[PDB]
Amino acid sequence: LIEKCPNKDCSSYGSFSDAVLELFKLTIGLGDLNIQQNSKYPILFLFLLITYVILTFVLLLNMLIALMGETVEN
Amino acid sequence: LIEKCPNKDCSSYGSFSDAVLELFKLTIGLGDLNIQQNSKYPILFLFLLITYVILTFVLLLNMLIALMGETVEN
Amino acid sequence: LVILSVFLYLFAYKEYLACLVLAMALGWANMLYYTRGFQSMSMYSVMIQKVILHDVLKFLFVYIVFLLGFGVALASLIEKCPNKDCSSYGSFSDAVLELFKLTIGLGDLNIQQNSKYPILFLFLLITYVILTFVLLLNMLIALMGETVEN
Ligand SMILES: COc1ncnc(OC)c1C(=O)Nc1nc(C(F)(F)F)c(-c2ccnc(C(C)(C)C#N)c2)s1
Ligand SMILES: COc1ncnc(OC)c1C(=O)Nc1nc(C(F)(F)F)c(-c2ccnc(C(C)(C)C#N)c2)s1
Ligand SMILES: COc1ncnc(OC)c1C(=O)Nc1nc(C(F)(F)F)c(-c2ccnc(C(C)(C)C#N)c2)s1
Ligand SMILES: COc1ncnc(OC)c1C(=O)Nc1nc(C(F)(F)F)c(-c2ccnc(C(C)(C)C#N)c2)s1
Ligand SMILES: COc1ncnc(OC)c1C(=O)Nc1nc(C(F)(F)F)c(-c2ccnc(C(C)(C)C#N)c2)s1
Ligand SMILES: COc1ncnc(OC)c1C(=O)Nc1nc(C(F)(F)F)c(-c2ccnc(C(C)(C)C#N)c2)s1
Ligand SMILES: COc1ncnc(OC)c1C(=O)Nc1nc(C(F)(F)F)c(-c2ccnc(C(C)(C)C#N)c2)s1
């Protein structure tokens, strides 16, 4: 979704590796959501970013309730 | 609750989308309760902000409890 | 609140915005009465009964005791200094404010507070943090009390 730009590129989601790194840092609480990523479709970019956030939170919550599985007597 | 000011980021809860973004990334742990106030009712501002935080924590924990309890067996 | 905001707005009061925004927020909160049986506003609908009874007032009493006692204990430890005083725990009110902001996740604990006993000051500050956390978590497991079937 990101457009080639003249060399910080106005976007930290540049090549595929930079987007993968930003997403990883996000699920590691090391990141930041900016609505300014040098994109022709900023609303679609924001939609997919928030979708990723929510889906990774769902995965994390699955693993959380799995490893907790309290039934504290049991 | 945020006063217009003559255009660098005097506030952080400025435009409506700005406020929605700052609240959203306050929920997901990328936000700070202590920002550039620039508001004329700062105690009411912080009361509403802490109320947002508390109510969305109660909502999040409600959903988390419903999940961790109801779906372990069904 | 709404009618008061209107009365203050047609008068030349700039204090109407507080009441108007509070009324807007309280109306969005009153929207619960219509959505109590929607499985998502469940916890609010049930904590109208649980937390309002006595546990929040017990918590408030114990928390005021913690706040006042530790405010005195920390304001006492601080030395009068020549006028930011190197210490945000100055008078009793400044220590009470710092402690309140702490339990509200608004503050910051520093080892440098201009005390003759900085280790005792740090000890009491961390003791306050841990005790308020214990209090909050008692109230938390009370408000949740899941037994999700029940
Ligand atoms: C937009 O953010 C996200 N979107 C989708 N999924 C996500 O996580 C699955 C996230 C996210 O924020 N993840 C995080 N990971 C970690 C880490 F533990 F690795 F450090 C986070 C962290 C970092 C610093 N202090 C804490 C405290 C002390 C508060 C705790 N506990 C937690 S936060
Ligand atoms: C308001 O509280 C909630 N309401 C509803 N759902 C929730 O979870 C989705 C929450 C909540 O706090 N969730 C969490 N967030 C994070 C963070 F990583 F982001 F910090 C959690 C975390 C932190 C450190 N290590 C883990 C491991 C990987 C060990 C696990 N498991 C998970 S846990
Ligand atoms: C980052 O970790 C944190 N650091 C400090 N405070 C925190 O709580 C406010 C948190 C934390 O967990 N935040 C969360 N935000 C959200 C979001 F919905 F908004 F996306 C969370 C979420 C997202 C999607 N599905 C769930 C389910 C339904 C599984 C549940 N339950 C929860 S979780
Ligand atoms: C469904 O809920 C909502 N949906 C969309 N928007 C909303 O507000 C914009 C809301 C909402 O609940 N708003 C509120 N207003 C107020 C008022 F104090 F002003 F009365 C609230 C209040 C009142 C008394 N004790 C508290 C606690 C104990 C939590 C503290 N601290 C909070 S809560
Ligand atoms: C109702 O409580 C209060 N109301 C108003 N003011 C207060 O203090 C100013 C207080 C209060 O609790 N004071 C405290 N004094 C001390 C001490 F230093 F003597 F040990 C406390 C302490 C310190 C370290 N470990 C513990 C234990 C062993 C319990 C653990 N874990 C307790 S706690
Ligand atoms: C040294 O700190 C303490 N010592 C003793 N007791 C304490 O609490 C009883 C504390 C403490 O940090 N309290 C806090 N209160 C609040 C508030 F909800 F009011 F905003 C906190 C807050 C602020 C901003 N974002 C969140 C997220 C989104 C992560 C959530 N959830 C939570 S944090
Ligand atoms: C602001 O609150 C948070 N925001 C985001 N992430 C968080 O997780 C790291 C936290 C958080 O709870 N921090 C805490 N640290 C401690 C400490 F034990 F070290 F003192 C906490 C504590 C203090 C007193 N009694 C307990 C009991 C025994 C009830 C337990 N368990 C836990 S609480």
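For every chain, the first residue of the written sequence is numbered 1 and the count continues from 1 onward along that sequence, whatever numbering the entry uses; residues with no coordinates are hidden. Whichever chain is written first becomes A and whichever ligand is written first becomes 1, with later ones labelled in order. These chains belong to a larger assembly; the numbers reported describe only the chains shown. Hydrogen atoms and water are omitted, and side-chain values are computed over all heavy atoms in the structure. Residues with missing side-chain atoms are left out of burial classes, side-chain pairs and their counts.

Its PDB header names cryo-EM as the technique used to obtain the model and reports a resolution of 2.93 Å.

Per the header of the deposited record, the title is "Structure of human TRPV3_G573S in complex with Trpvicin in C2 symmetry".

Draft legend 1. Spotlight on the interface of chain B and chain A. Note on contacts: a residue pair is in contact if any heavy atoms of the two residues lie within 4.5 Å. Each partner contributes to the interface: chain B provides 8 residues, whereas chain A provides 12 residues. Contributions of two or more residues to the side of chain B that touches chain A are made by α1 (16-27) and α2 (42-70) of chain B. Of the residues that constitute the side of chain B that touches chain A, the class distribution is 7 nonpolar, no polar and 1 charged. Elements are defined by DSSP. Helices are runs of H or I of four residues or more, strands are runs of E of two residues or more, and each kind is numbered from the N terminus. Side-chain classes follow a simple rule in which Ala, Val, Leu, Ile, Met, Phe, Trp, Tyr, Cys and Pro form the nonpolar group, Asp, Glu, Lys and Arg form the charged group, and the remainder, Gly included, forms the polar group.

Draft legend 2. Local environment of the pattern of salt bridges. Whenever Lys or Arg places a side-chain nitrogen within 4 Å of a carboxyl oxygen from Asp or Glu, that contact is recorded as a salt bridge. What the rule picks out here adds up to 4 salt bridges over all chains. Residue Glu22 of chain A pairs with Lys25 of chain A through a salt bridge whose shortest N-O separation is 3.5 Å. Of this pair, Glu22 of chain A and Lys25 of chain A both sit in helix α1 (residues 16-27), 3 residues apart, roughly one helical turn. Across the pair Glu3 of chain B and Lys40 of chain B runs a salt bridge whose closest N-O atoms are separated by 3.9 Å.

Draft legend 3. Representation of the packing of helix α4 (residues 55-76) of chain C against helix α5 (residues 92-103) of chain C within the structure. All names here are of chain C. Contact geometry for α4 and α5: axes closest at 8 Å, N-to-C directions at 130°. As far as their axial angle goes, α5 and α4 are oblique. Judged by the twist between their axes, the crossing of α4 over α5 is right-handed. Residues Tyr63, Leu67, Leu68, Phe70, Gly71, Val72, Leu74 and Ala75 of α4 touch α5, and the partners they reach there are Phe92, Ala95, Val96, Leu99, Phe100 and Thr103. A breakdown of the residues in the contact of α4 with α5 according to their chemical character gives 12 nonpolar, 2 polar and no charged. All axes are obtained by fitting lines to C-alpha atoms, using only the stretch in contact for helices, and the reported angles, taken between N-to-C directions, cover 0 to 180 degrees. The labels follow the angle: roughly parallel below 35 degrees, roughly antiparallel above 145, roughly perpendicular from 65 to 115, and oblique for the rest. Handedness of a crossing follows from how the near helix is turned relative to the far one, being left-handed for an anticlockwise turn of less than a right angle and right-handed for a clockwise one.

Draft legend 4. Main features of the interface of chain B and chain C. The partner chain C presents 22 residues to the 20 residues of chain B that form the contact. For the side of chain B that touches chain C, the residue count by class is 15 nonpolar, 3 polar and 2 charged.

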